[PDB]
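Asks: Mind having a look at this structure? Questions to follow.
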Amino acid sequence: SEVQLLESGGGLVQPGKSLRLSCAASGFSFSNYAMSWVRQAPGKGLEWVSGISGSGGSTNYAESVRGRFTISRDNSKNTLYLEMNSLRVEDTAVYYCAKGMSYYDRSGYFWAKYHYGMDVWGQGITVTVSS
Amino acid sequence: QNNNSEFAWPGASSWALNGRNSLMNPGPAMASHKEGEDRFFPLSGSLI
Amino acid sequence: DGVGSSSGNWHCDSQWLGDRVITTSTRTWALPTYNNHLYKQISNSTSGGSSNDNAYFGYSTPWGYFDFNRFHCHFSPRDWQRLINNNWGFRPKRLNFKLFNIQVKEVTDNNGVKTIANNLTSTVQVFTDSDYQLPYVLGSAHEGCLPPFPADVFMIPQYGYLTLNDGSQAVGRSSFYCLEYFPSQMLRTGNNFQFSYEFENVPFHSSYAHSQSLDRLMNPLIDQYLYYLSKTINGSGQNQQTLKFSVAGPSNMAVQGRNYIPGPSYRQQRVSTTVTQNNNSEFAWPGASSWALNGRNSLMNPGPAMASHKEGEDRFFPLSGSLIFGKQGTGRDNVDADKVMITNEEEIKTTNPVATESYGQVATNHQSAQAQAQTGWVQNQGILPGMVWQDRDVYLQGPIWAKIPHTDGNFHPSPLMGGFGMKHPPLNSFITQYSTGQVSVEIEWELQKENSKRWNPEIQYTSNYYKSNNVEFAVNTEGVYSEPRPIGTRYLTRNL
Amino acid sequence: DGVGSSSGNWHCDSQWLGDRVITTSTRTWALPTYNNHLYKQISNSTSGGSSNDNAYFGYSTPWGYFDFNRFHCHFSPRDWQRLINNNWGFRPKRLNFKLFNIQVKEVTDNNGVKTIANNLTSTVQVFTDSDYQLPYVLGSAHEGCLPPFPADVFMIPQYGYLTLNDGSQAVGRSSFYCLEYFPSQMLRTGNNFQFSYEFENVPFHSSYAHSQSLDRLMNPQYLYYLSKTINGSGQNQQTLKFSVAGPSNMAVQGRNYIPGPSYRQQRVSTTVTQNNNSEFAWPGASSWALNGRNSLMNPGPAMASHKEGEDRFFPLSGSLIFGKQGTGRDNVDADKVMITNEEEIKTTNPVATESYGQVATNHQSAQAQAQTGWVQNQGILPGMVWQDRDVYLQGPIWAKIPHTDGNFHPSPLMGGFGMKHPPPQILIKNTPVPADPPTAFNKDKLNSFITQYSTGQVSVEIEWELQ
Amino acid sequence: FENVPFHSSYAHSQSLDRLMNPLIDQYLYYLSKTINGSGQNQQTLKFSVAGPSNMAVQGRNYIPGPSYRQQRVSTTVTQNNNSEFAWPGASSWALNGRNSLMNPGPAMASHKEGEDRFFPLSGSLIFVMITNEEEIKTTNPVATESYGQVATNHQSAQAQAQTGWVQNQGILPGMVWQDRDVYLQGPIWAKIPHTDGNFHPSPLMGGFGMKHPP
Amino acid sequence: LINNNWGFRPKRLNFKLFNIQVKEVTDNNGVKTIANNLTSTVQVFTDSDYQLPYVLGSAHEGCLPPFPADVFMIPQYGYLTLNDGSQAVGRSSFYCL
Amino acid sequence: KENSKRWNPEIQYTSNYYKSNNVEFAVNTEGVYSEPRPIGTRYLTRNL
Amino acid sequence: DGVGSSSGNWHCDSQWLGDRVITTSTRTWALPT
Amino acid sequence: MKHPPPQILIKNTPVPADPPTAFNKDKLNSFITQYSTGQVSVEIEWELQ
Amino acid sequence: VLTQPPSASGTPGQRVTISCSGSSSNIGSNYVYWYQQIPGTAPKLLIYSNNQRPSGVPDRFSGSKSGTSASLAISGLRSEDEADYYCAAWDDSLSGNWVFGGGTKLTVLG
């Protein structure tokens, strides 16, 4: 298992409060893959919240999390960051850090169709939003 | 994010010769996109 | 010549011509007065000497020394990139050294105010050892070398040496060397010093990684005429012993006869970057691989050249088998793993065994009707006829040469930390005083061009495309120059 | 020159002059089209894989290659017999290689009843790799060499090469070599091809058995040894006594040289009832591990096959095993194969199935008895002397020394002459002649080709030096 | 006489592991601590500069020569085990089934510094007069001591790190060693056997190895 | 080229055409046999006065393959001249090679 | 030739190192030689 | 020149010398009517 | 101009203050306050039409 | 969303098929990926780019897409093959989203 993704910043947060999640990537060239965050609610199926391009220029978000969440990455530090604002009880889930399998670069363009497929995941960090 | 209409030829930059419109492909050398943009490309701007 | 006349100029550029590289580096130095002009015996008992492995005895001298022995002294990160991507090998040919623009200062401290003024009549003593009669401390990976960035002003390190000892005490065979007993040249502010050195013949360091592996040298489409013992029993039952033979071929590639075997191994304990995977105990020293000399146990660091880890296992590193470099501003003691840069020798796995793995297995007994065939693990394997191996890689931060110790015998004298091994490498009341000046060293390098017929593109060392707060290998806002990563020389590939 | 003229004669004789021997071999080769003129990726998954140690990645080429890596190519049984009896050593000097009488045939098959006819305008591409830029596959004891019998016609093997892999996949450091990307010479049926090669200096193979044994080199000393540590039975009888090393006890004498390295092999009996009733072919075998893959240590360090007086025991992988003429491929019996042994080298070398010796494993004291342990494998030590592995009429001649920062005793383990620049690989293929084009332009590469193959003669001359 | 190296009649004033400058640090690092302290789940990785305070952990370019361990015998008889261990407890090499004592064998220091009573069993030339090779300790491991330690396994959360004693070590790249000293009563030359290969042909009882001697 | 250099440009050009083989396709009763025609010729010329229309600058298909082991089909030469609709005009040119 | 005095290392076209079913710019298992991406000519830099 | 005499050899390689690069490319072609 | 009159770059060579008596690997941040003065003469030949 | 049956059942050595129905925007015009997840563990990729599969995945797992529906078939079903299966594909509509199916829990009977 050469590729390795770690998540930190998980915790218990009261509703309305905002917390920040981080993922440390190693074992691959980070800026050449588009990362994404997928959340799994307890006893529920996987749900894709947001993805970011390798350069960081373009980001996508699920409608449920749009405008409250913001995804960013620091290519120099090989980190994927997910900042969540105006949290609610509906957000309690286990958040995963998923790496985009397709590899691309500056010669080409970022294609959301092709580059969001995720070959490897992360252990995930449980996030709880309760009063 | 694109317009929901067929604009490949209608919205294309072109030049006219002897009453015939030819597409401006590739045309004058210009930057494809601004720095920090990876999701946009000129319609007839670069070789494919 | 004169006080108002410059004795030299600033030379600091690299020229690439043909199959040769000439690199010139000039720095500004400052030399204080060490030991208050005295020789002082030093020993371990002065520091308490609570350990026998750490016992030492020697002397400390007022003299300083110039050390250019690290690569980044002579190469910029750009010139180092130009070297490693375009070449299969390099090696030093000639050396030139110059010392000029000597400026000797006096510091007079009256009351609580200090004043600095030029003392023009003062001199500076300098001599080089071309007979190698002094203890040679330059091949021990020490500090005090010229700074990688040219604008930096650096301090000359103090010179000292060690000799024989028993505990903290000396012995009758311990030697004492006075650096005043060597004829030297004295320079005022108008005098300059120079000499030229010639490197003895050394093999090209191989800046490449093999594209084939030692076991896969076979032709995948054809069988081998030799046979191997495929089956020793018909099937399940009693008295089923039998001998059967099969052709070794593309089907089973592990059993083919091979002309050469992988290099030697001396096994290391395996540590993972993920700490929860390590055992909850203090195993740094106790579980280390060591060698005992005269009763003292020295850690086997780095030791023989071996692949740091198996393919697909980046997290694991040999306990003392790798060179570890500090990032800029790293603390001297107990820093985290993100404060250090752990280099790996992953490229040499094709010819070398993994450092954390056994060499192989041997037969431990004689198989018989009443005894099963037993095997055992080879933890360390010395040289065997037919081995092939790779040396340790050189880095931009790493050392260049080392002195081969003068002994009756040695095997593959190339130094274990990397680089080129060579038998001849490159009245108690006084005035508070110090000197400063300029030093220019010029080394001529020979190259070996890449001849490969490989069709598809090579791996290259490239700078990162993305935006960052700081340009890598440059100064920050506060002015500190830093090198982000350790850069190996092995990118291009060859056939095995 | 021309179709109506021959480009070379039949040369097949060996001449002995002084200490120099010249051998001339000439054969008739049959070369087909391979891979339908395609480079194909081959890997672990193509052959079905499923074994970790057997995973590989590489490429198969449309090109063929010429190999003369066995002595019986160059030596008749008599010439080989004249060699070993009267000479202490031999080694090659020069290599001459000719390719002539090239023929090319086209195969037209329509509803069976196939027909073969001369295609006169076809060419046959051939080149030597004298810069050693391609992978060298000739050091792996492969099949496809010129047959020992000059009247046999043989099939030229297909050339392929393996590169780096992780499992069945390929790492980005894997290399892909195109043999079409090498300048080569194109021969019609009247053209001929030749080149010369010079063997670099190599030592003479030692074709002899030592009369004396490493331990018995003495004359039947002024040195002493410790004979007795006690006077007799009782308490507090410890003592130190010394006696002269002399003809009476020859084991304790001081000696200047010690036997060579050892890596123990498992011992197998030719009488199966004396063997253990279990499957130990693989589990009981000596291996070396590289990048997590285990490879059998065959043949490995040159060692004596068995101790004096033992004929039914042979090391598991420590020998070269040749098959008899017409031997089956899978699970053939022991009398279907020929197991070679190296009894001659025992004088200087330890037995492959025996330990090298014993070492002290502790410190003795009043409370502790002196303990020893068996040395299963022993690396090089100053003072070691050893013999290399013998060469056989069926065995390989030379091998290529891999290009590395270091090596020790580069002589190859299967035997023969190690060389940094061995005789070059000679690559050959039939120039593809496509079928009728579609008559309307198509950018695709042409996939339709006339079934075709070539044949001709090969003559190899090697000059030897005798001691 | 054919060209042979000068026999080196001198004792090194420096030791193989002390070749460093005592006043300056190394820019290299080592692993100082694998745990924060006593307790559960205290695993951590800490690194420290290798420097004059701890000289054992510094990186080095060369390592001592090969070793084949000889049994250790004390000149005070009561200290020795009360049994006959002359032959059964001695290092040997077997050839064609015949066992021969490994005498003298690989050049090694006869004893550690400050320990004169002990002497290697078969490792010294005995004329009685028992010679020693104290001078060669600077580059040569002691005959009666192990070469070093080697990791015998992989550590994990379950398994703690284990090591084992290397009793004998063949040649490794980076080794340097001294040959055996020559004596007034000792031999001068020795014929090199005629073989396919040999390593460091210098004979083990001392003197000049020669392929064409007198 | 691209990693080591700030610029490049072509200087000389050399083009060789050789190993000519003329195959005649014999199709008799549905089965086809291909034999050599030894007396056939293949006409070749180059236009060094630039008299013919130049079709090599439109980035057309049919070029030599990237990979040395590929066998390529030669593209068919045709050109264009002045037109009005699908008609010709009095100024249009016709060329017989 | 490149005469640049730039101190830091330049961007270079490199073959990525990771496991894959094929190597780029080579043949696959069927004998088809593909080119996975366009390679521009502009990597090294100059002053304006 | 002759029916059984080849009219040219196979040249493919790229030798780089000094400030110049010489590239040589050889292929196989088929021309239909 | 493609090759205009070249840039003329000038600085004062840093003169370090007194270094400590015990070695430290950090670069020297203590310098003597310093400046230089002098003369410059530039001569251009102009062609008239 | 991509619709999947809540549970699927099989016997060892028997082929089992899991399928997801989708709209034109996702399954119809985009590649479909298959993820196998065992509770308390991060998901694993079984099939990507409709029928392709990553190395380290057994030959029995086969996936195909026809029209707007994708089917994952398992042959030689094993006890270790019992887990939850997620079907994923890129969705062009509603601003562009990666959509996971509802999940299917395969139970190995016997």
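Going by the structure tokens order, chains are called A, B, ..., each with residues numbered from 1, while ligands are numbered from 1 in the order shown.
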Mind checking which residues fall within 8 Å of residue 95 in chain F, counting only C-alpha atoms, ignoring those fewer than 2 positions away in the same chain, and posting them as a list in words?

Replies: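 Residues meeting the cut-off are residues 52, 93 and 97 of chain F.
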
Asks: Find the residues near residue 129 in chain A: any atom within 12 Å, counting only C-alpha atoms, skip ones fewer than 6 places away on the same chain, and give them as a VMD selection string.

Replies: chain A and resid 10 to 19 41 84 to 94

Asks: Write out as a tab-separated table (two decimals) with C-alpha atoms, in the first residue's frame the residues lying within 9 Å of range 16-25 of chain I, counting only C-alpha atoms and excluding same-chain residues fewer than 2 positions away.

Replies:
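Saved the output as selection05.tsv:
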```
chain	number	residue	atom	x	y	z
C	28	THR	CA	33.45	34.90	2.61
C	29	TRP	CA	34.85	33.47	5.84
C	30	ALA	CA	35.61	34.64	9.37
C	31	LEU	CA	38.22	32.95	11.57
C	32	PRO	CA	38.15	33.55	15.34
C	33	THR	CA	40.79	32.57	17.87
C	34	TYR	CA	40.17	29.06	19.20
C	35	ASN	CA	41.42	27.78	22.57
C	36	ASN	CA	43.06	31.17	23.28
C	105	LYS	CA	40.58	42.86	12.84
C	106	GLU	CA	41.40	43.85	16.41
C	107	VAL	CA	38.68	44.23	19.02
C	116	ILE	CA	36.83	47.15	15.79
C	143	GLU	CA	29.87	20.50	9.60
C	144	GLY	CA	31.75	23.72	8.86
C	145	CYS	CA	31.77	23.32	5.08
C	153	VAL	CA	29.08	34.37	5.48
C	154	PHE	CA	30.33	31.34	7.38
C	155	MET	CA	32.66	30.51	10.26
C	156	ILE	CA	35.69	28.22	10.00
C	157	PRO	CA	35.36	25.10	12.19
C	158	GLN	CA	37.90	24.23	14.86
C	433	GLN	CA	41.75	39.44	17.32
C	434	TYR	CA	40.15	37.76	14.32
C	435	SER	CA	40.53	37.51	10.56
C	436	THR	CA	38.26	37.40	7.52
E	23	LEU	CA	34.89	19.14	18.22
E	24	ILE	CA	32.32	19.30	15.39
I	14	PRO	CA	30.19	42.28	3.90
I	27	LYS	CA	25.64	31.99	9.13
I	28	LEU	CA	27.04	35.22	10.53
I	29	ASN	CA	24.35	37.85	11.11
I	30	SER	CA	26.68	40.42	12.75
I	31	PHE	CA	28.48	42.78	10.38
I	32	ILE	CA	30.38	46.05	10.55
```

Asks: I want to know what sits within 12 Å of residue 33 in chain H, based on only C-alpha atoms, with residues of the same chain fewer than 3 positions away left out; could you give that as a ChimeraX atom specification?

Replies: /D:436-441 /F:22-25,42-43,73-77 /H:30

Asks: List every residue of chain B that has an atom at most 12 Å from any atom of chain J, and for each one report the closest atom pair and its distance in Å to one decimal, counting only C-alpha atoms, with rows sorted by chain and then by increasing residue number, as a tab-separated table.

Replies:
```
residue	atom	partner	partner_atom	distance
B:1	CA	J:95	CA	7.3
B:2	CA	J:95	CA	10.6
B:4	CA	J:93	CA	11.8
```

Asks: Do a neighbour search on range 31-41 of chain B at 9 Å with only C-alpha atoms, toss out local chain neighbours closer than 2 positions, and write the hits as a list in words.

Replies: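 Residues meeting the cut-off are residues 53, 54, 55, 56, 57, 58, 106, 108, 109, 110, 111 and 112 of chain A; 29, 43, 44, 45 and 46 of chain B; 467 of chain C.
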
Asks: Env of residue 15 in chain H: 10 Å cut, atoms = only C-alpha atoms, seq-sep filter 5 positions within chain, self excluded. Answer as a ChimeraX atom specification.

Replies: /C:451 /H:20-24

Asks: Near residue 179 in chain D, counting only C-alpha atoms, which residues have an atom at most 8 Å away, once you skip same-chain residues fewer than 3 positions from it, shown as a VMD selection string?

Replies: chain D and resid 61 63 182

Asks: Next, write the just-selected residues to a file, as a PDB file, in the first residue's frame, keeping N, CA and C atoms as the atom set.

Replies:
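Final file, selection05.pdb:
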```pdb
ATOM      1  N   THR D  61       9.281  -9.878 -29.154  1.00  0.00           N
ATOM      2  CA  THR D  61       9.645  -9.121 -30.337  1.00  0.00           C
ATOM      3  C   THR D  61       9.437  -9.954 -31.594  1.00  0.00           C
ATOM      4  N   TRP D  63      11.564  -9.999 -33.839  1.00  0.00           N
ATOM      5  CA  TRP D  63      12.926 -10.345 -34.207  1.00  0.00           C
ATOM      6  C   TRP D  63      13.343 -11.684 -33.618  1.00  0.00           C
ATOM      7  N   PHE D 182      17.381   0.456 -34.279  1.00  0.00           N
ATOM      8  CA  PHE D 182      18.787   0.128 -34.462  1.00  0.00           C
ATOM      9  C   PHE D 182      19.132   0.012 -35.942  1.00  0.00           C
TER      10      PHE D 182
END
```

Asks: Would you please extract all strand (DSSP E or B) residues from range 324-467 of chain C, as assigned by DSSP on the backbone, and give them as number ranges by chain?

Replies: C: 324-326, 335-336, 340-342, 354, 360-363, 375-378, 380-381, 387-389, 395, 399, 401-403, 409-410, 420-422, 433-449

Asks: Compile a residue-level contact table for chain E against chain D at a cut-off of 7 Å, reporting for every qualifying residue the shortest atom pair and its distance in Å to one decimal, with only C-alpha atoms counted, rows ordered by chain and ascending number, as JSON lines.

Replies:
```
{"residue": "E:66", "atom": "CA", "partner": "D:381", "partner_atom": "CA", "distance": 6.7}
{"residue": "E:68", "atom": "CA", "partner": "D:359", "partner_atom": "CA", "distance": 6.7}
{"residue": "E:69", "atom": "CA", "partner": "D:360", "partner_atom": "CA", "distance": 5.5}
{"residue": "E:70", "atom": "CA", "partner": "D:360", "partner_atom": "CA", "distance": 5.6}
{"residue": "E:71", "atom": "CA", "partner": "D:360", "partner_atom": "CA", "distance": 5.2}
{"residue": "E:72", "atom": "CA", "partner": "D:363", "partner_atom": "CA", "distance": 6.1}
{"residue": "E:77", "atom": "CA", "partner": "D:239", "partner_atom": "CA", "distance": 5.4}
{"residue": "E:78", "atom": "CA", "partner": "D:238", "partner_atom": "CA", "distance": 6.2}
{"residue": "E:79", "atom": "CA", "partner": "D:366", "partner_atom": "CA", "distance": 5.6}
{"residue": "E:80", "atom": "CA", "partner": "D:365", "partner_atom": "CA", "distance": 5.1}
{"residue": "E:81", "atom": "CA", "partner": "D:366", "partner_atom": "CA", "distance": 4.3}
{"residue": "E:82", "atom": "CA", "partner": "D:238", "partner_atom": "CA", "distance": 5.1}
{"residue": "E:83", "atom": "CA", "partner": "D:230", "partner_atom": "CA", "distance": 6.0}
{"residue": "E:84", "atom": "CA", "partner": "D:229", "partner_atom": "CA", "distance": 5.0}
{"residue": "E:85", "atom": "CA", "partner": "D:229", "partner_atom": "CA", "distance": 6.2}
{"residue": "E:86", "atom": "CA", "partner": "D:229", "partner_atom": "CA", "distance": 5.9}
{"residue": "E:89", "atom": "CA", "partner": "D:370", "partner_atom": "CA", "distance": 5.3}
{"residue": "E:90", "atom": "CA", "partner": "D:360", "partner_atom": "CA", "distance": 6.9}
{"residue": "E:91", "atom": "CA", "partner": "D:359", "partner_atom": "CA", "distance": 4.7}
{"residue": "E:92", "atom": "CA", "partner": "D:358", "partner_atom": "CA", "distance": 5.3}
{"residue": "E:93", "atom": "CA", "partner": "D:357", "partner_atom": "CA", "distance": 4.1}
{"residue": "E:94", "atom": "CA", "partner": "D:357", "partner_atom": "CA", "distance": 5.4}
{"residue": "E:95", "atom": "CA", "partner": "D:350", "partner_atom": "CA", "distance": 5.3}
{"residue": "E:96", "atom": "CA", "partner": "D:307", "partner_atom": "CA", "distance": 5.1}
{"residue": "E:97", "atom": "CA", "partner": "D:307", "partner_atom": "CA", "distance": 6.1}
{"residue": "E:99", "atom": "CA", "partner": "D:251", "partner_atom": "CA", "distance": 6.7}
{"residue": "E:100", "atom": "CA", "partner": "D:251", "partner_atom": "CA", "distance": 4.4}
{"residue": "E:101", "atom": "CA", "partner": "D:252", "partner_atom": "CA", "distance": 4.9}
{"residue": "E:103", "atom": "CA", "partner": "D:254", "partner_atom": "CA", "distance": 4.9}
{"residue": "E:104", "atom": "CA", "partner": "D:254", "partner_atom": "CA", "distance": 6.2}
{"residue": "E:106", "atom": "CA", "partner": "D:382", "partner_atom": "CA", "distance": 6.5}
{"residue": "E:122", "atom": "CA", "partner": "D:225", "partner_atom": "CA", "distance": 7.0}
{"residue": "E:125", "atom": "CA", "partner": "D:223", "partner_atom": "CA", "distance": 6.5}
{"residue": "E:126", "atom": "CA", "partner": "D:224", "partner_atom": "CA", "distance": 5.0}
{"residue": "E:127", "atom": "CA", "partner": "D:223", "partner_atom": "CA", "distance": 5.2}
{"residue": "E:167", "atom": "CA", "partner": "D:361", "partner_atom": "CA", "distance": 6.6}
{"residue": "E:169", "atom": "CA", "partner": "D:379", "partner_atom": "CA", "distance": 6.9}
{"residue": "E:170", "atom": "CA", "partner": "D:379", "partner_atom": "CA", "distance": 3.9}
{"residue": "E:171", "atom": "CA", "partner": "D:380", "partner_atom": "CA", "distance": 5.2}
{"residue": "E:195", "atom": "CA", "partner": "D:387", "partner_atom": "CA", "distance": 5.8}
{"residue": "E:196", "atom": "CA", "partner": "D:387", "partner_atom": "CA", "distance": 4.9}
{"residue": "E:197", "atom": "CA", "partner": "D:386", "partner_atom": "CA", "distance": 5.7}
{"residue": "E:198", "atom": "CA", "partner": "D:385", "partner_atom": "CA", "distance": 4.4}
{"residue": "E:199", "atom": "CA", "partner": "D:382", "partner_atom": "CA", "distance": 5.7}
{"residue": "E:200", "atom": "CA", "partner": "D:382", "partner_atom": "CA", "distance": 5.2}
{"residue": "E:201", "atom": "CA", "partner": "D:383", "partner_atom": "CA", "distance": 5.6}
{"residue": "E:202", "atom": "CA", "partner": "D:383", "partner_atom": "CA", "distance": 6.5}
{"residue": "E:203", "atom": "CA", "partner": "D:256", "partner_atom": "CA", "distance": 4.8}
{"residue": "E:204", "atom": "CA", "partner": "D:256", "partner_atom": "CA", "distance": 4.6}
{"residue": "E:205", "atom": "CA", "partner": "D:256", "partner_atom": "CA", "distance": 5.5}
```

Asks: Just need the residues of chain G within 12 Å of chain J, counting only C-alpha atoms, so spit them out as a list in words.

Replies: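 Per the criterion, chain G yields residues 19, 20 and 21 of chain G.
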
Asks: Store the residues picked out above in a file with N, CA, C and O atoms, as a PDB file, in the first residue's frame.

Replies:
```
ATOM      1  N   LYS G  19       2.946   2.270 -10.574  1.00  0.00           N
ATOM      2  CA  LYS G  19       2.608   1.059 -11.290  1.00  0.00           C
ATOM      3  C   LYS G  19       1.399   1.248 -12.183  1.00  0.00           C
ATOM      4  O   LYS G  19       0.448   1.920 -11.817  1.00  0.00           O
ATOM      5  N   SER G  20       1.458   0.650 -13.365  1.00  0.00           N
ATOM      6  CA  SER G  20       0.370   0.717 -14.329  1.00  0.00           C
ATOM      7  C   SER G  20       0.423  -0.511 -15.225  1.00  0.00           C
ATOM      8  O   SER G  20       1.432  -1.215 -15.291  1.00  0.00           O
ATOM      9  N   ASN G  21      -0.687  -0.756 -15.920  1.00  0.00           N
ATOM     10  CA  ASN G  21      -0.786  -1.939 -16.767  1.00  0.00           C
ATOM     11  C   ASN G  21       0.117  -1.823 -17.988  1.00  0.00           C
ATOM     12  O   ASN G  21       0.416  -2.826 -18.645  1.00  0.00           O
TER      13      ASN G  21
END
```

Asks: Could you jot down the CA of residue 32 in chain E to CA of residue 140 in chain E separation for me, Å, one decimal place?

Replies: 27.9 Å

Asks: Give as a list in words every residue of chain A that touches chain J within 7 Å, counting only C-alpha atoms.

Replies: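 My answer is residues 45, 46, 47, 48, 62, 113, 119, 121, 122 and 123 of chain A.
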
Asks: Per DSSP on the backbone, what are the helix (DSSP H, G or I) residues of range 69-179 of chain D, as an MDAnalysis selection string?

Replies: chainID D and resid 71:74 77:86 179

Asks: Keeping only C-alpha atoms, write the selected residues to a file as an mmCIF file, in the first residue's frame.

Replies:
```
data_model
loop_
_atom_site.group_PDB
_atom_site.id
_atom_site.type_symbol
_atom_site.label_atom_id
_atom_site.label_comp_id
_atom_site.auth_asym_id
_atom_site.auth_seq_id
_atom_site.Cartn_x
_atom_site.Cartn_y
_atom_site.Cartn_z
ATOM 1 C CA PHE D 71 30.643 -26.155 -26.465
ATOM 2 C CA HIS D 72 29.067 -28.996 -28.457
ATOM 3 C CA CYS D 73 28.177 -26.398 -31.082
ATOM 4 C CA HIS D 74 31.908 -25.861 -31.648
ATOM 5 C CA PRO D 77 33.003 -35.477 -29.069
ATOM 6 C CA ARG D 78 36.461 -36.398 -30.368
ATOM 7 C CA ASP D 79 37.646 -32.780 -30.549
ATOM 8 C CA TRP D 80 36.268 -32.288 -27.041
ATOM 9 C CA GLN D 81 38.080 -35.463 -25.982
ATOM 10 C CA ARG D 82 41.371 -34.289 -27.490
ATOM 11 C CA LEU D 83 40.793 -31.060 -25.551
ATOM 12 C CA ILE D 84 40.364 -32.300 -21.996
ATOM 13 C CA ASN D 85 42.972 -35.070 -21.915
ATOM 14 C CA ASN D 86 46.068 -33.257 -23.188
ATOM 15 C CA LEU D 179 14.729 -3.287 -32.157
#
```

Asks: Could you make a table, as CSV, of the residues of chain F that have an atom within 12 Å of an atom of chain C, each with its nearest atom pair and distance in Å to one decimal, counting only C-alpha atoms, in chain and number order?

Replies:
```
residue,atom,partner,partner_atom,distance
F:1,CA,C:86,CA,11.0
F:2,CA,C:457,CA,11.5
F:3,CA,C:85,CA,9.1
F:4,CA,C:82,CA,8.2
F:5,CA,C:82,CA,11.4
F:66,CA,C:455,CA,10.9
F:67,CA,C:455,CA,9.4
F:68,CA,C:455,CA,10.4
```

Asks: Would you list which chain D residues are within 9 Å of chain H using only C-alpha atoms, as a VMD selection string?

Replies: chain D and resid 1 to 4 120 to 123 125 180 to 191 431 to 441 446

Asks: Please measure the separation of CA of residue 34 in chain A and CA of residue 100 in chain A, giving the value in Å to one decimal.

Replies: 5.0 Å

Asks: Using only C-alpha atoms, which residue out of G:38, G:45, G:10, G:29 lies closest to chain B?

Replies: G:38
